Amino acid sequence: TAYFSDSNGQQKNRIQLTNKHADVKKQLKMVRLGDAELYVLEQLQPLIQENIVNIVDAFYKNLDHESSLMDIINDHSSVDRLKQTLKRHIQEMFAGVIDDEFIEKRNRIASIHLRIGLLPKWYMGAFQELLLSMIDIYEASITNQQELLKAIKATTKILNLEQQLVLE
């Protein structure tokens, strides 16, 4: 059979932003992230949620490479409390809806990371773990070759936007 569900219309109106975030609209289009794409992300969410624990375990384990990062973690919270908010943020990424409320949250996390002194270069590198981790979740849960790229493309898109918004 097939994995995703080809449904025209069950995709429309997934992007809902107002003047306050005029640019973001151009950004969503510059990465080919539209109604079709977001609806793809929504069909992946269940799949991501079911493996989020691993996703987040691999995540902090990967930062355990750069001592400083782990120090910044401890100085402000903890691995256990951070994993918790991370399982959440990552969830929302596949919500399939992009609106003002979705941007502004990014702005907040962007501000929080700056204050605590997280260097931007260590931020991008964090995503390379997420994407790789998700690539494998897909390749394993999605057998049809073509749909695997479909899913991989959608995520790289949403992840690019994450980086765009965090360091805007």
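So that there is no doubt, residue numbering starts at 1 and follows the sequence shown.
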property	result
Between 10-18 and 141-149 (mean CA B-factor, as deposited), the higher	10-18
Entry-level comparison of average CA B-factors, 22-30 and 48-56, reporting the higher stretch	22-30
From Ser133, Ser111, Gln43, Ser67, residue of greatest CA B-factor	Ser67
Chain thirds of CA B-factor: placement of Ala126	middle
Third of the chain, ranked by Cα B-factor, where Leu165 sits	middle
Record-listed C-alpha B factor of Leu119: chain third	lowest
Lowest, middle or highest third - CA B-factor, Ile98	lowest
